[PDB]
C-alpha cells in the first residue's frame, strides 16, 4: 500500500452549486491530507454512489501550491420528463404524478429507482401480478427519461383437456360455455383478482373436477399465453 502524496488543493469541476458542496462532503481528500491512488479511487466511488453523476474522474496536477486533485464530474441532466413505452393500465398521467417531485432538478438514479419501485407497486397492489418496469432507463441528454413496462398482456387463452392421469383427452364441453364465464380474454392485462373470480365462476358451473391455470410466454415474449388445464367430470 505504497506510495503516499501530500495534497495542496482540491477542486471540483463540472458540478452546479447545489451538488458541488455534496462532492466535498463525500470525499475524504482535503488540502493538507496525505493520499494514495486507492483512496482517490474510493473518493470517486463515493461520489458516484450519490447517484447524481454519469461519470467521475480524479485527476492530479502539479501547481505552484503543490499537488491539486481535480475531481471531474459529469452530472446527469436536470430531469424534464419521464415517459413510458408499452403501458396500458399504467397511464402516462400516473407516471407524471409519480415522478413530479423530481422534475426540475438534476436526475438522481437512486430516486429514479424509487419511482420505478412505485410503478411496480402500482401493478402489484392493483392485482396486475405480472406487471413491472423492464430494461434499463434511457436518459437522453435533454433531460427526458424513457422507461418500458411489460404489464402482462394476455395474447391468447388456451384450453387443454386432460383425463385423470393428466394426459390429453377429448373435450366434451363447448368453448363458449367456458369463455362466457371469463373476463380474462385476449388483450386484457392479466389480473390475479379477475383470474380468481373467473375460476369461481367456472366452479359454479359444476362441470369440472379441476381447473389449473398456467402461463407460457407469448409470441411477444413480454406477453402471455394463459393455459387452463381442465379435467371434466366423466359421463
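Numbering follows the first chain given and starts at 1.
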Comparing 203-211 with 163-171, the higher average Cα temperature factor in the PDB entry belongs to 163-171
The stretch whose C-alpha atoms carry the larger average B-factor in the entry, 48-56 or 35-43, is 35-43
For residue 124, the third of its chain by CA B-factor is the highest
Here the Cα B-factor of residue 156, set against its chain, lands in the third termed middle
Tertile call for residue 102 (CA temperature factor, within chain, third-based) is the lowest
In terms of its chain's C-alpha B-factors, the third that includes residue 136 is the middle
Of the three thirds of the chain ranked by Cα temperature factor, residue 96 occupies the middle
